[PDB]
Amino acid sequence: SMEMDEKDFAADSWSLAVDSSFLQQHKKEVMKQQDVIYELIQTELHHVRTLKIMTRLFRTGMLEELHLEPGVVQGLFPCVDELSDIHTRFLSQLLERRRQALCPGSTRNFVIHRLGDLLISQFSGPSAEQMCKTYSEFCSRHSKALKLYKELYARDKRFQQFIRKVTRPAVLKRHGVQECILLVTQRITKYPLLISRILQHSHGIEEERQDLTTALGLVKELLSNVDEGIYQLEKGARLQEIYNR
């Protein structure tokens, strides 16, 4: 993450991020809606950052410092470039929406009234097909990536020294290779929980309640589709074990 965005999302809530004098001007229902909107964006910032640790710290670090066989780093970090693209673009759109909404003379006071349309666009058309295709491939290669990680840490000395070195700082406490992998797999199922609570506080404008309802149905269909496209790949699997599934 970049310092600008980290400071903007350093607070535990939107009610603590904005100035007290700005907060005081809004109704309770608006504050509740804005706190859930803030959490969705703050966790998206964290998700993208999880993917940057995977691509820049782990993947590239192994390519430039370790002597691994071709196809090993890809096996440890499947679809990380595609996932980073999808989520960095979505985070760009969310952050731009907050930026447009800022009051003149302020880098922190804002109210996002129209999240529905952005969510319908992200979870529909070509971008939805790309998310479905990318997570169906990632989640099907999840167990293989963990087993491959465990095998390397226990048998390769330089790989063990590399992992211990790059994961030593405190800010990486909850971000080891396997932790990043589960963080990414769990991300998609977080969306309907956040969207439903945003919808719960978006009844004031009928068009907004409708767009959020549409977005919720779109997210659930994407999830149902990803879930039906999963079959765990296994290193050195036999054709017989596959067609007898």
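In this text, the rigid core denotes the largest set of C-alpha atoms whose superposition between the two forms falls within 1.5 Å. So that there is no doubt, residue numbering starts at 1 and follows the sequence shown.
- Larger root-mean-square CA separation from the shown form, computed after a rigid core fit of the structures in 9 other deposited structures of this protein, is seen for 65 to 73 when 65 to 73 is set against 206 to 214.
- Between 203 to 211 and 46 to 54, the higher mean Cα B-factor belongs to 203 to 211.
- In this entry, 156 to 164 has the higher mean Cα B-factor, the comparison being between 156 to 164 and 133 to 141.
- Residue-level temperature factors show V30 in the middle third of its chain, judged at the C-alpha atom.
- Ranked by Cα temperature factor within the chain, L216 sits in the middle third according to the deposited record.
- Ranked by C-alpha B-factor against the other modelled residues of its chain, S13 falls in the lowest third.
- Ranked against the other modelled residues of its chain, the C-alpha B-factor of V72 as given in the entry falls in the highest third.
- Among the modelled residues of the chain, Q93 sits in the lowest third by CA temperature factor in this PDB entry.
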